[PDB]
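One chain is shown next in structure tokens, namely the form deposited in one PDB entry.
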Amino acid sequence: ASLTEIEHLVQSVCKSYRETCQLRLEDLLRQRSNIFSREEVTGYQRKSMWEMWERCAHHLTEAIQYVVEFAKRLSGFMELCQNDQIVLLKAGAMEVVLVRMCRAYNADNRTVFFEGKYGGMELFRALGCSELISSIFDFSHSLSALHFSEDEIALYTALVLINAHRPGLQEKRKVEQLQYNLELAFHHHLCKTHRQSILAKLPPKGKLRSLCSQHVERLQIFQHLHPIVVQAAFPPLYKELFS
């Protein structure tokens, strides 16, 4: 591995991310004054639990679709066997979305971009998932304090996905090798840009694992309350990944 090869991987990963980032950062930043009014917030809170769940599941599914495309364009991913591609996506797609979400989070007023405007965690009160919602908001707040560049998000999210420890992998060594190359690319880029200080401040794997576990648990609780709603009205991909 040359330095030119590693730099090539950095730019390839960054490009793959740019092409699949869903919303341009500038578009998210331009909308920060566009905040849901007290009336619109009350509107969301009066919506039924199942309608709010369906809406959130739809938007997560949209976000996940861009992550799948990211993976498909990610150097080395499509060279892995289909079993391992699926394993990595099933375990990592949601984690990637949770990291990407810090882009749409405003730390100054603790709001997140949702359905055209910015709203606080009170917006989601109809879900009955207060602990999950506040955890997601806390995680996004912690990521916002790092002030990720887009390139850093690209490299970091590539590693969130390419994790050789995921149970069910048939070609573990192959995933190990790609992971290591992406670690070099990420760490080289941080060295070159004098940003190695963030390494110690990145959240442990357990934080992301906790969020995904809570999500799955709150889904199970809801699916017991409204089984036909999930069957009839939830996106197919969402159920495949989380049911």
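Numbers follow the displayed sequence, beginning with 1. Here the rigid core means the biggest group of C-alpha atoms that line up within 1.5 Å when the two forms are laid on top of each other. Only residues modelled in both forms are compared.
Quick note: we don't show the form deposited in another entry, though the next part is all about it.
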For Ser16, decide whether the Cα shift between the shown form and the other one is 2 Å or greater, given a superposition on the rigid core. no
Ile221: with the rigid core matched between the shown form and the other one, does its Cα shift 2 Å or more? yes
Flagged pair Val229/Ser130: C-alpha distance shifts by 3 angstroms or more in the other form. Which direction, closer or farther? farther
Relative to what is shown, are the Cα atoms of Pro227 and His58 closer or farther apart in the other form, where the gap shifts by 3 Å or more? closer
Core-referenced shifts between the shown form and the other one - contiguous stretches of at least three, CA at least 2 Å: 219-234
